[PDB]
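**Q** I'd like to ask you about the structure that follows.
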Amino acid sequence: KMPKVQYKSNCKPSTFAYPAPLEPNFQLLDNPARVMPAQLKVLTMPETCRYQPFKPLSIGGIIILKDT
Amino acid sequence: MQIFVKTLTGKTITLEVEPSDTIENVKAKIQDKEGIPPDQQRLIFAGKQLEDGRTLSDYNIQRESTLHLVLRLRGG
Amino acid sequence: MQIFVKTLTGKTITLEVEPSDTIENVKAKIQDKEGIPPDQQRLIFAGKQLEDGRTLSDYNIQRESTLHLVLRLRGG
Amino acid sequence: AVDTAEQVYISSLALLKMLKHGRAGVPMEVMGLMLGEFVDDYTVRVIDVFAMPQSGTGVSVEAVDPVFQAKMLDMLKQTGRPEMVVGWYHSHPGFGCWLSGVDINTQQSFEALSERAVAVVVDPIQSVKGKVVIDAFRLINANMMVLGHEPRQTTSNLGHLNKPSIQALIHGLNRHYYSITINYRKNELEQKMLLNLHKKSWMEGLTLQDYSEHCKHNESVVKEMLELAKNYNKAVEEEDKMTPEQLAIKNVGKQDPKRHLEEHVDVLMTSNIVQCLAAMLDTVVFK
Amino acid sequence: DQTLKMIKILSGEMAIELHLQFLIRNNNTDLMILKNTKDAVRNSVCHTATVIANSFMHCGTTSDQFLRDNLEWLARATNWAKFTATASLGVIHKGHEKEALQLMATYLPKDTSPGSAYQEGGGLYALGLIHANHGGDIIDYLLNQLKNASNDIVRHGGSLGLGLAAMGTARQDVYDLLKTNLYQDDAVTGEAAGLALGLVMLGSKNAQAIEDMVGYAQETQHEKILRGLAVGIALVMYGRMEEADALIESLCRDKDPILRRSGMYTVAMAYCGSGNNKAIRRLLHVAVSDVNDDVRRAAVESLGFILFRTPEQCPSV
Amino acid sequence: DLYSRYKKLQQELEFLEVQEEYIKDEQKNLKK
């Protein structure tokens, strides 16, 4: 099973743009997000949640999320 | 009865014929089998080039003998 | 001495020959026992094609050697 | 269905034969027949070629009588080479490459007897020291465009590596017939023995060039070096007194001393080195 | 449980299914580009270009209405194009394994067996793209199907599918069947067999198999087989670096252009990621000096594989 | 860092002189 958990970007949204076309700096993210490999190092870790990343975040792929 | 012919591609052709058949009838049968215009095709046997009006009988041909067929050729 | 001829059909035919035999004569035996005329074949021997003016010894073929054989259809 | 990858292989011997025959009939359009085998539905090899006798119309030629080829196609099999015929060729001298409105007709029956047939064309007077102008063609039936289809369904890049000339495209080309790419079948042995062209006898390498004319040639060349050296410094003095834009024009009418001088130095040194080396080798190798 | 750990970690079908779920739920795309191209198609080349291109946009998204609503336009394509078209379906449903066999069986006209055999011949190929490594029983299934040897179109599609689905396994049965399929010396079977063999023999540096497969390539009339196996004899040899040198010193010694071309791919694949001085030196040298343009291409083509760990270098050369 | 000041210098020394080889061959082929 997967838990519902959230994150946010630290940076201007245009950097993570997925426009599909025809200022904040804290845009949130849900459990799985399209994250550009160059910008993994600028996401806000889920420090507000009760859950914590056991894998050192700012890395790709799946992580087990420890409830605390 | 039946007769054979061969050509420079290595192709062989077999015709049901009778000794009374004229050379022009043979040419007609060849076109009926393959569609070639009778004036572009030419026939040889016994070192002799054929002519239309004679017949298998007077050509002294015998069962299953093999004629040679050859093609007209020009530039232009 | 024995050799084996694996046809494209999968049928493998036993051929008895000798090093003094020649490829033309193996083709002759092939026509004898399978009817197929001598120009309708290619002999592959899992390598270069065989050539008819050569003896079996020229290919260093030995007892129980095996070969595969393909048809040689020409024209159409 | 046909495709855009078919490939034609020709031997060296067919090439030399075709060039010689086409060049001999230089004012007119000679003829010939070519033979080989279809090794598979993607590639065709032509192995050898033989000429044909014609009576020539002013515009073109027609094969005079078929008994000749009926003889030939069995006369030579007594010496191997059992191959069947695969195509024909004619030469256009200097016109270019295309099929005329009657060449097409001749190809029609070749294809009707065997659907894989080919036509070849060569240019013996425009081909120079390379880039011999050869091409290969085959007809297409207008039926396919009546359906609105196009021939040669395509699966690969390798057919589109060349473009036709404008002159070839004014004539029918794609609206009547299509071309096939060609390459040259080779082996090492014939190359190994052909490069002997213009090799020469060993003895030629050890000759001393008539010591009496050698000095005459030398001190003939020195004289024009004199008369040129006395004309060099004028063109050195005029180096800058006029606009350089017209300086190119200053060359066009009148030979310049500088460039015209140094070829004499080249000649003198090239001769006088080898003339001196050969004498030493001789004065050691014999007694 | 330690019992289910084997499937959880070594099967990893959980991970495949999770990636599928991610891609299916988070599918963002816009077909308007495709529609803008749709009227520009005027020839078969462009038609096949579009029908391959759109499949790239839909990798594993299981979305194919763009075909259903353009079915009669698609029916304009013919011959090998149809082989491509059905093949592209395998890309759209990459992963998706749990129903895949039935899914394509929904559309595979196997009982019809059309005289346009392409319509089935490509389906096996598609089935290979789905199971790019999780072959398992599917492997044997495809192998069993090849036992029909019905016609060389299906023989081609089958050898492709099986070679992909069983890659690197070095399963003996597939090596056997591909060997016997190559020896037919046929110009449309033998190259596909060669490729599939390269796939299943991946990285094995298997000496007896190499000595086997170079033999036919030394002496054959049909170029297609050489133009296929030129890849396989590189692919078997991955990463062994200097251990492969004996092969290289032979291939670059060959006079047949196709084998010299293959040598380039082989030296490329032997030294991936490491800019070994002799590798770069020889590979660059041959591009300057060979007489045949295709090998001159493939030579410089090979550099990218041996440089990719240091992108900042390549513009310097 | 101080060890990279040796490794990178070795690597550039390696990469240079292979630049020399193709240019040396290319000038030969060009006139040909």
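By convention here, the chains of the structure tokens are called A, B, ... in the order presented, each chain's residues are numbered starting at 1, and ligands are numbered starting at 1 in the order presented.
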Write out as a list in words each polymer residue whose atoms come within 10 Å of residue 22 in chain A, counting only C-alpha atoms; drop sequence neighbours fewer than 6 positions from it.
**A**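 Contacts, with the query itself left out: residues 30, 32 and 33 of chain E.
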**Q** What are the closest atom pairs, with distances in Å to one decimal, for all residues of chain E lying within 8 Å of chain A? Consider only C-alpha atoms, order rows by chain and residue number, and present the result as a tab-separated table.
**A**
residue	atom	partner	partner_atom	distance
E:22	CA	A:32	CA	7.2
E:28	CA	A:20	CA	7.8
E:29	CA	A:20	CA	7.0
E:30	CA	A:20	CA	6.8
**Q** Give me the least-squares superposed chain C (reference chain B; all C-alpha atoms paired in order) as a compact mmCIF listing (two decimals) with N, CA and C atoms, in the first residue's frame.
**A**
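Final output, superposed.txt:
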# COMPACT_ATOMS: atom_id res chain seq x y z
N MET C 1 -0.99 -32.88 -80.37
CA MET C 1 0.30 -33.45 -79.97
C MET C 1 1.26 -32.39 -79.42
N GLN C 2 2.14 -32.83 -78.52
CA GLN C 2 2.96 -31.93 -77.72
C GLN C 2 4.20 -31.47 -78.47
N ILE C 3 4.56 -30.20 -78.27
CA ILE C 3 5.87 -29.66 -78.60
C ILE C 3 6.30 -28.72 -77.49
N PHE C 4 7.60 -28.45 -77.44
CA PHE C 4 8.21 -27.64 -76.39
C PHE C 4 8.88 -26.42 -77.00
N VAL C 5 8.74 -25.27 -76.34
CA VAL C 5 9.26 -24.00 -76.84
C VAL C 5 10.20 -23.46 -75.78
N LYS C 6 11.51 -23.65 -75.98
CA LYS C 6 12.52 -23.15 -75.06
C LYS C 6 12.78 -21.67 -75.33
N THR C 7 12.31 -20.80 -74.44
CA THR C 7 12.56 -19.38 -74.63
C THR C 7 14.01 -19.03 -74.29
N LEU C 8 14.44 -17.86 -74.78
CA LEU C 8 15.75 -17.33 -74.42
C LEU C 8 15.89 -17.15 -72.92
N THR C 9 14.78 -16.98 -72.20
CA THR C 9 14.82 -16.89 -70.75
C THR C 9 15.19 -18.21 -70.09
N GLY C 10 15.22 -19.31 -70.84
CA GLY C 10 15.34 -20.63 -70.28
C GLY C 10 14.02 -21.30 -69.98
N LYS C 11 12.95 -20.53 -69.80
CA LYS C 11 11.62 -21.10 -69.63
C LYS C 11 11.19 -21.84 -70.89
N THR C 12 10.78 -23.09 -70.72
CA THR C 12 10.26 -23.90 -71.81
C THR C 12 8.76 -24.05 -71.60
N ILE C 13 7.99 -23.65 -72.61
CA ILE C 13 6.53 -23.67 -72.54
C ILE C 13 6.01 -24.85 -73.35
N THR C 14 5.05 -25.56 -72.78
CA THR C 14 4.36 -26.66 -73.44
C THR C 14 3.30 -26.12 -74.40
N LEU C 15 3.43 -26.46 -75.69
CA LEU C 15 2.44 -26.09 -76.70
C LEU C 15 1.80 -27.35 -77.26
N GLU C 16 0.47 -27.40 -77.24
CA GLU C 16 -0.27 -28.48 -77.88
C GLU C 16 -0.74 -28.02 -79.25
N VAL C 17 -0.35 -28.77 -80.28
CA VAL C 17 -0.65 -28.45 -81.67
C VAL C 17 -0.94 -29.75 -82.41
N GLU C 18 -1.19 -29.64 -83.71
CA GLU C 18 -1.37 -30.78 -84.58
C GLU C 18 -0.65 -30.52 -85.89
N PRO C 19 -0.34 -31.57 -86.67
CA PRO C 19 0.32 -31.34 -87.96
C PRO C 19 -0.46 -30.44 -88.90
N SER C 20 -1.78 -30.38 -88.76
CA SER C 20 -2.59 -29.48 -89.57
C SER C 20 -2.54 -28.04 -89.08
N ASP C 21 -2.02 -27.80 -87.88
CA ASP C 21 -1.87 -26.45 -87.37
C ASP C 21 -0.85 -25.67 -88.21
N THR C 22 -0.86 -24.35 -88.05
CA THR C 22 0.00 -23.46 -88.82
C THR C 22 0.78 -22.55 -87.89
N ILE C 23 1.95 -22.11 -88.37
CA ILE C 23 2.89 -21.38 -87.52
C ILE C 23 2.26 -20.09 -87.00
N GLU C 24 1.43 -19.45 -87.83
CA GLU C 24 0.69 -18.28 -87.36
C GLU C 24 -0.17 -18.61 -86.15
N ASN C 25 -0.75 -19.81 -86.11
CA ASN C 25 -1.60 -20.18 -84.99
C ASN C 25 -0.79 -20.55 -83.75
N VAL C 26 0.41 -21.11 -83.94
CA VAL C 26 1.30 -21.31 -82.80
C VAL C 26 1.72 -19.97 -82.22
N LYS C 27 2.02 -19.00 -83.08
CA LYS C 27 2.28 -17.64 -82.61
C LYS C 27 1.07 -17.07 -81.87
N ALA C 28 -0.13 -17.37 -82.37
CA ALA C 28 -1.35 -16.93 -81.69
C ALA C 28 -1.43 -17.51 -80.29
N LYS C 29 -1.22 -18.82 -80.16
CA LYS C 29 -1.21 -19.46 -78.84
C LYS C 29 -0.14 -18.85 -77.94
N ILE C 30 1.01 -18.50 -78.53
CA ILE C 30 2.09 -17.89 -77.76
C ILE C 30 1.65 -16.54 -77.20
N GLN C 31 1.06 -15.70 -78.05
CA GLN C 31 0.52 -14.43 -77.57
C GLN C 31 -0.56 -14.66 -76.52
N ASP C 32 -1.36 -15.71 -76.69
CA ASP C 32 -2.44 -15.99 -75.75
C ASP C 32 -1.90 -16.27 -74.36
N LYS C 33 -0.95 -17.20 -74.26
CA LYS C 33 -0.52 -17.68 -72.95
C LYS C 33 0.68 -16.92 -72.39
N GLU C 34 1.37 -16.10 -73.19
CA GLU C 34 2.47 -15.30 -72.69
C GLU C 34 2.38 -13.82 -73.06
N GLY C 35 1.27 -13.37 -73.66
CA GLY C 35 1.04 -11.96 -73.87
C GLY C 35 1.83 -11.32 -74.99
N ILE C 36 2.94 -11.91 -75.41
CA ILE C 36 3.87 -11.25 -76.33
C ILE C 36 3.23 -11.09 -77.71
N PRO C 37 3.21 -9.89 -78.27
CA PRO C 37 2.55 -9.67 -79.57
C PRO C 37 3.23 -10.45 -80.69
N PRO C 38 2.50 -10.73 -81.78
CA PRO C 38 2.96 -11.75 -82.73
C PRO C 38 4.12 -11.33 -83.61
N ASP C 39 4.50 -10.05 -83.65
CA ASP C 39 5.61 -9.62 -84.48
C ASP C 39 6.92 -9.52 -83.72
N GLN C 40 6.93 -9.86 -82.43
CA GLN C 40 8.09 -9.68 -81.57
C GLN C 40 8.90 -10.96 -81.40
N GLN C 41 8.76 -11.92 -82.31
CA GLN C 41 9.34 -13.24 -82.14
C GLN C 41 10.04 -13.70 -83.41
N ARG C 42 11.01 -14.59 -83.22
CA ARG C 42 11.56 -15.42 -84.27
C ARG C 42 11.70 -16.84 -83.74
N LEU C 43 11.34 -17.81 -84.57
CA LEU C 43 11.29 -19.22 -84.20
C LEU C 43 12.40 -19.94 -84.95
N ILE C 44 13.32 -20.55 -84.21
CA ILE C 44 14.63 -20.91 -84.73
C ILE C 44 14.76 -22.41 -84.97
N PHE C 45 14.20 -23.23 -84.07
CA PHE C 45 14.12 -24.68 -84.26
C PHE C 45 15.50 -25.29 -84.54
N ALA C 46 16.52 -24.75 -83.88
CA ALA C 46 17.90 -25.24 -84.01
C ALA C 46 18.32 -25.35 -85.47
N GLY C 47 17.85 -24.41 -86.28
CA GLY C 47 18.12 -24.43 -87.71
C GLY C 47 17.57 -23.22 -88.42
N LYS C 48 16.95 -23.44 -89.58
CA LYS C 48 16.33 -22.34 -90.32
C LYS C 48 15.12 -21.79 -89.57
N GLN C 49 14.86 -20.51 -89.77
CA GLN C 49 13.73 -19.86 -89.13
C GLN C 49 12.41 -20.38 -89.70
N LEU C 50 11.43 -20.57 -88.82
CA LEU C 50 10.09 -20.95 -89.23
C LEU C 50 9.42 -19.84 -90.02
N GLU C 51 8.48 -20.23 -90.88
CA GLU C 51 7.71 -19.31 -91.70
C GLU C 51 6.22 -19.57 -91.49
N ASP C 52 5.44 -18.49 -91.43
CA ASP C 52 4.11 -18.57 -90.83
C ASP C 52 3.06 -19.16 -91.76
N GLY C 53 3.26 -19.07 -93.08
CA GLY C 53 2.30 -19.62 -94.02
C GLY C 53 2.45 -21.11 -94.25
N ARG C 54 3.11 -21.81 -93.33
CA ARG C 54 3.43 -23.22 -93.50
C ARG C 54 2.83 -24.03 -92.36
N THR C 55 2.42 -25.26 -92.67
CA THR C 55 1.87 -26.15 -91.66
C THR C 55 3.00 -26.81 -90.87
N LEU C 56 2.64 -27.31 -89.68
CA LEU C 56 3.59 -28.06 -88.88
C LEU C 56 4.10 -29.29 -89.62
N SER C 57 3.24 -29.93 -90.41
CA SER C 57 3.65 -31.09 -91.18
C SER C 57 4.72 -30.74 -92.20
N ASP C 58 4.69 -29.51 -92.73
CA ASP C 58 5.69 -29.10 -93.71
C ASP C 58 7.10 -29.15 -93.15
N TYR C 59 7.24 -29.03 -91.83
CA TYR C 59 8.53 -29.11 -91.17
C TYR C 59 8.82 -30.49 -90.60
N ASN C 60 7.95 -31.47 -90.87
CA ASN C 60 8.09 -32.83 -90.36
C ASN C 60 8.19 -32.89 -88.84
N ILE C 61 7.59 -31.91 -88.16
CA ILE C 61 7.61 -31.90 -86.70
C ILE C 61 6.70 -32.99 -86.17
N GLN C 62 7.09 -33.59 -85.05
CA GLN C 62 6.44 -34.77 -84.51
C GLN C 62 6.31 -34.59 -83.00
N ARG C 63 5.49 -35.45 -82.39
CA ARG C 63 5.25 -35.47 -80.94
C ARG C 63 6.51 -35.17 -80.15
N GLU C 64 6.37 -34.28 -79.16
CA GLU C 64 7.40 -33.93 -78.19
C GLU C 64 8.60 -33.21 -78.79
N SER C 65 8.51 -32.74 -80.04
CA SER C 65 9.61 -31.99 -80.63
C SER C 65 9.86 -30.72 -79.82
N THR C 66 11.12 -30.30 -79.79
CA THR C 66 11.53 -29.15 -79.00
C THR C 66 12.14 -28.08 -79.89
N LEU C 67 11.89 -26.83 -79.53
CA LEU C 67 12.28 -25.67 -80.31
C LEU C 67 12.69 -24.56 -79.35
N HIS C 68 13.52 -23.64 -79.83
CA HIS C 68 13.86 -22.45 -79.06
C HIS C 68 13.46 -21.18 -79.80
N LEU C 69 13.14 -20.15 -79.01
CA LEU C 69 12.44 -18.96 -79.47
C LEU C 69 13.18 -17.71 -79.00
N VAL C 70 13.33 -16.74 -79.90
CA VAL C 70 14.09 -15.53 -79.61
C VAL C 70 13.20 -14.32 -79.86
N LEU C 71 13.43 -13.25 -79.10
CA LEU C 71 12.65 -12.04 -79.29
C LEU C 71 13.04 -11.36 -80.60
N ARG C 72 12.16 -10.48 -81.08
CA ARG C 72 12.39 -9.70 -82.30
C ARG C 72 12.13 -8.22 -81.98
N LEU C 73 13.04 -7.62 -81.22
CA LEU C 73 12.99 -6.19 -80.97
C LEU C 73 13.39 -5.42 -82.23
N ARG C 74 12.62 -4.38 -82.54
CA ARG C 74 12.87 -3.55 -83.72
C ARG C 74 12.89 -2.08 -83.32
N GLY C 75 13.78 -1.32 -83.96
CA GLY C 75 13.97 0.07 -83.62
C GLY C 75 14.64 0.24 -82.26
N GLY C 76 14.44 1.43 -81.69
CA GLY C 76 14.99 1.73 -80.38
C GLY C 76 14.81 3.17 -79.95
**Q** Could you tell me, as a list in words, which residues of chain A DSSP assigns to strand (DSSP E) when given the backbone?
**A** residues 7, 8, 9, 28, 29, 43, 44, 51, 52, 53, 65, 66 and 67 of chain A
**Q** Emit the selected residues as a PDB file, in the first residue's frame, including N, CA and C atoms.
**A**
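That gives us again_22.pdb:
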ATOM      1  N   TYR A   7       4.439  17.236  -0.958  1.00  0.00           N
ATOM      2  CA  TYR A   7       5.713  17.943  -0.963  1.00  0.00           C
ATOM      3  C   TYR A   7       5.459  19.307  -1.591  1.00  0.00           C
ATOM      4  N   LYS A   8       6.523  20.075  -1.817  1.00  0.00           N
ATOM      5  CA  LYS A   8       6.406  21.251  -2.668  1.00  0.00           C
ATOM      6  C   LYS A   8       7.752  21.566  -3.301  1.00  0.00           C
ATOM      7  N   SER A   9       7.700  22.308  -4.404  1.00  0.00           N
ATOM      8  CA  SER A   9       8.902  22.884  -4.988  1.00  0.00           C
ATOM      9  C   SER A   9       9.326  24.122  -4.213  1.00  0.00           C
ATOM     10  N   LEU A  28       2.996  23.003  -4.418  1.00  0.00           N
ATOM     11  CA  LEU A  28       2.940  21.703  -3.771  1.00  0.00           C
ATOM     12  C   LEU A  28       2.953  20.566  -4.793  1.00  0.00           C
ATOM     13  N   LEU A  29       3.179  19.355  -4.283  1.00  0.00           N
ATOM     14  CA  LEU A  29       3.253  18.144  -5.086  1.00  0.00           C
ATOM     15  C   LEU A  29       2.579  17.009  -4.331  1.00  0.00           C
ATOM     16  N   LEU A  43      13.441  20.266  -4.361  1.00  0.00           N
ATOM     17  CA  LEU A  43      12.124  20.023  -3.792  1.00  0.00           C
ATOM     18  C   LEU A  43      12.175  20.185  -2.278  1.00  0.00           C
ATOM     19  N   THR A  44      11.106  20.744  -1.719  1.00  0.00           N
ATOM     20  CA  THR A  44      10.930  20.751  -0.273  1.00  0.00           C
ATOM     21  C   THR A  44      10.552  19.357   0.209  1.00  0.00           C
ATOM     22  N   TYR A  51       4.863  11.723   8.390  1.00  0.00           N
ATOM     23  CA  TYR A  51       5.683  10.718   7.735  1.00  0.00           C
ATOM     24  C   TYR A  51       7.018  11.314   7.309  1.00  0.00           C
ATOM     25  N   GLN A  52       8.029  10.453   7.226  1.00  0.00           N
ATOM     26  CA  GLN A  52       9.391  10.864   6.933  1.00  0.00           C
ATOM     27  C   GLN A  52       9.999   9.949   5.880  1.00  0.00           C
ATOM     28  N   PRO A  53      10.784  10.495   4.953  1.00  0.00           N
ATOM     29  CA  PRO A  53      11.448   9.651   3.950  1.00  0.00           C
ATOM     30  C   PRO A  53      12.609   8.885   4.567  1.00  0.00           C
ATOM     31  N   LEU A  65       8.179   5.256   3.000  1.00  0.00           N
ATOM     32  CA  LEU A  65       7.891   6.440   3.798  1.00  0.00           C
ATOM     33  C   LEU A  65       7.493   5.988   5.198  1.00  0.00           C
ATOM     34  N   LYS A  66       8.379   6.226   6.163  1.00  0.00           N
ATOM     35  CA  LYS A  66       8.184   5.775   7.534  1.00  0.00           C
ATOM     36  C   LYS A  66       7.171   6.665   8.240  1.00  0.00           C
ATOM     37  N   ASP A  67       6.100   6.064   8.747  1.00  0.00           N
ATOM     38  CA  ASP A  67       5.203   6.792   9.632  1.00  0.00           C
ATOM     39  C   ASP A  67       5.871   7.016  10.980  1.00  0.00           C
TER      40      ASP A  67
END
**Q** At a cut-off of 8 Å, using only C-alpha atoms, what residues contact residue 25 in chain F? Leave out same-chain residues fewer than 2 positions from it and give the result as a ChimeraX atom specification.
**A** /E:285,288-289 /F:21-23,27-29
**Q** Could those residues be written to a file, using C-alpha atoms, as a compact mmCIF listing (two decimals), in the first residue's frame?
**A**
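Final file, out-v4.txt:
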# COMPACT_ATOMS: atom_id res chain seq x y z
CA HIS E 285 41.88 7.01 -37.46
CA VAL E 288 39.83 9.55 -41.91
CA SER E 289 41.22 6.84 -44.17
CA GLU F 21 46.74 12.45 -34.74
CA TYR F 22 43.55 13.01 -36.72
CA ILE F 23 44.66 16.43 -37.95
CA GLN F 27 46.05 16.88 -43.94
CA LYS F 28 47.49 13.82 -45.70
CA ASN F 29 44.14 12.59 -47.06
**Q** Can you build me a table of chain D residues sitting at most 10 Å from chain E, with the closest atom pair per residue and its distance in Å to one decimal, using only C-alpha atoms, sorted by chain and residue number, as CSV?
**A**
residue,atom,partner,partner_atom,distance
D:1,CA,E:79,CA,8.5
D:39,CA,E:221,CA,7.7
D:40,CA,E:187,CA,7.7
D:41,CA,E:187,CA,9.0
D:42,CA,E:187,CA,8.7
D:43,CA,E:222,CA,8.5
D:149,CA,E:43,CA,9.2
D:150,CA,E:43,CA,8.6
D:153,CA,E:44,CA,7.7
D:154,CA,E:45,CA,7.2
D:155,CA,E:80,CA,7.7
D:156,CA,E:45,CA,9.7
D:187,CA,E:255,CA,10.0
D:188,CA,E:255,CA,9.3
**Q** Would you mind listing what lies within 12 Å of range 250-256 of chain D as a list in words, with only C-alpha atoms counted and same-chain residues fewer than 2 positions away left out?
**A** residues 228, 229, 231, 232, 233, 234, 235, 236, 238, 239, 242, 243, 244, 245, 246, 247, 248, 258, 259, 260, 261 and 262 of chain D
**Q** If you run DSSP on this backbone, which residues of range 13-71 of chain C come out as alpha helix (DSSP H), and could you give them as a list in words?
**A** residues 23, 24, 25, 26, 27, 28, 29, 30, 31, 32, 33 and 34 of chain C
**Q** Just want the 9 Å neighbourhood of range 229-246 of chain E, counted on only C-alpha atoms, with same-chain residues fewer than 4 positions away dropped. Output as a count of residues only.
**A** 39
**Q** Quick one: residues within 12 Å of range 6-12 of chain F, only C-alpha atoms, excluding same-chain residues fewer than 3 positions away - as a PDB file with N, CA, C and O atoms, in the first residue's frame?
**A**
ATOM      1  N   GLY E 275      36.869   6.152 -22.225  1.00  0.00           N
ATOM      2  CA  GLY E 275      37.579   6.687 -23.369  1.00  0.00           C
ATOM      3  C   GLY E 275      38.979   6.137 -23.553  1.00  0.00           C
ATOM      4  O   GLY E 275      39.938   6.905 -23.664  1.00  0.00           O
ATOM      5  N   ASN E 276      39.106   4.812 -23.567  1.00  0.00           N
ATOM      6  CA  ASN E 276      40.407   4.169 -23.706  1.00  0.00           C
ATOM      7  C   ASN E 276      41.168   4.718 -24.903  1.00  0.00           C
ATOM      8  O   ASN E 276      40.634   4.803 -26.012  1.00  0.00           O
ATOM      9  N   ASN E 277      42.422   5.100 -24.659  1.00  0.00           N
ATOM     10  CA  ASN E 277      43.182   5.864 -25.642  1.00  0.00           C
ATOM     11  C   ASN E 277      43.314   5.117 -26.961  1.00  0.00           C
ATOM     12  O   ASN E 277      43.202   5.720 -28.035  1.00  0.00           O
ATOM     13  N   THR E 310      31.352  11.876 -20.332  1.00  0.00           N
ATOM     14  CA  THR E 310      31.984  13.197 -20.249  1.00  0.00           C
ATOM     15  C   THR E 310      31.518  14.071 -21.410  1.00  0.00           C
ATOM     16  O   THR E 310      32.273  14.361 -22.345  1.00  0.00           O
ATOM     17  N   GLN E 313      33.480  16.901 -23.353  1.00  0.00           N
ATOM     18  CA  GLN E 313      34.614  16.649 -24.234  1.00  0.00           C
ATOM     19  C   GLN E 313      34.257  16.725 -25.716  1.00  0.00           C
ATOM     20  O   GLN E 313      35.007  17.321 -26.495  1.00  0.00           O
ATOM     21  N   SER E 316      34.891  19.382 -28.471  1.00  0.00           N
ATOM     22  CA  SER E 316      36.284  19.674 -28.772  1.00  0.00           C
ATOM     23  C   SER E 316      36.810  18.905 -29.976  1.00  0.00           C
ATOM     24  O   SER E 316      37.890  19.240 -30.470  1.00  0.00           O
TER      25      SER E 316
ATOM     26  N   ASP F   1      39.665  21.230  -2.878  1.00  0.00           N
ATOM     27  CA  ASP F   1      40.247  19.969  -3.324  1.00  0.00           C
ATOM     28  C   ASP F   1      41.639  20.173  -3.906  1.00  0.00           C
ATOM     29  O   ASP F   1      41.948  21.230  -4.454  1.00  0.00           O
ATOM     30  N   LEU F   2      42.479  19.146  -3.781  1.00  0.00           N
ATOM     31  CA  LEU F   2      43.835  19.185  -4.312  1.00  0.00           C
ATOM     32  C   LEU F   2      44.225  17.959  -5.122  1.00  0.00           C
ATOM     33  O   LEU F   2      45.168  18.050  -5.917  1.00  0.00           O
ATOM     34  N   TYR F   3      43.542  16.826  -4.964  1.00  0.00           N
ATOM     35  CA  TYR F   3      43.886  15.655  -5.761  1.00  0.00           C
ATOM     36  C   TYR F   3      43.393  15.787  -7.196  1.00  0.00           C
ATOM     37  O   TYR F   3      44.065  15.332  -8.128  1.00  0.00           O
ATOM     38  N   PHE F  15      44.136  13.644 -23.330  1.00  0.00           N
ATOM     39  CA  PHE F  15      43.234  13.985 -24.424  1.00  0.00           C
ATOM     40  C   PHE F  15      43.966  14.755 -25.508  1.00  0.00           C
ATOM     41  O   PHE F  15      43.783  14.492 -26.700  1.00  0.00           O
ATOM     42  N   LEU F  16      44.787  15.718 -25.119  1.00  0.00           N
ATOM     43  CA  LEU F  16      45.656  16.360 -26.085  1.00  0.00           C
ATOM     44  C   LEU F  16      46.707  15.354 -26.535  1.00  0.00           C
ATOM     45  O   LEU F  16      47.104  14.471 -25.772  1.00  0.00           O
ATOM     46  N   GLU F  17      47.109  15.475 -27.805  1.00  0.00           N
ATOM     47  CA  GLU F  17      48.053  14.625 -28.539  1.00  0.00           C
ATOM     48  C   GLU F  17      47.283  13.569 -29.317  1.00  0.00           C
ATOM     49  O   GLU F  17      47.804  13.002 -30.281  1.00  0.00           O
ATOM     50  N   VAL F  18      46.037  13.305 -28.922  1.00  0.00           N
ATOM     51  CA  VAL F  18      45.165  12.523 -29.788  1.00  0.00           C
ATOM     52  C   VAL F  18      44.475  13.489 -30.734  1.00  0.00           C
ATOM     53  O   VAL F  18      44.045  13.085 -31.824  1.00  0.00           O
ATOM     54  N   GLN F  19      44.360  14.758 -30.339  1.00  0.00           N
ATOM     55  CA  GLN F  19      43.905  15.789 -31.258  1.00  0.00           C
ATOM     56  C   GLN F  19      44.892  15.914 -32.407  1.00  0.00           C
ATOM     57  O   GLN F  19      44.509  16.170 -33.553  1.00  0.00           O
TER      58      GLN F  19
END
**Q** Hey, what's within 12 Å of range 13-15 of chain A if we count only C-alpha atoms and toss same-chain stuff fewer than 5 positions away? As a list in words, please?
**A** residues 8, 23, 24, 25, 26, 27, 28, 29, 34, 35, 36, 37, 38, 39, 40, 42 and 43 of chain A
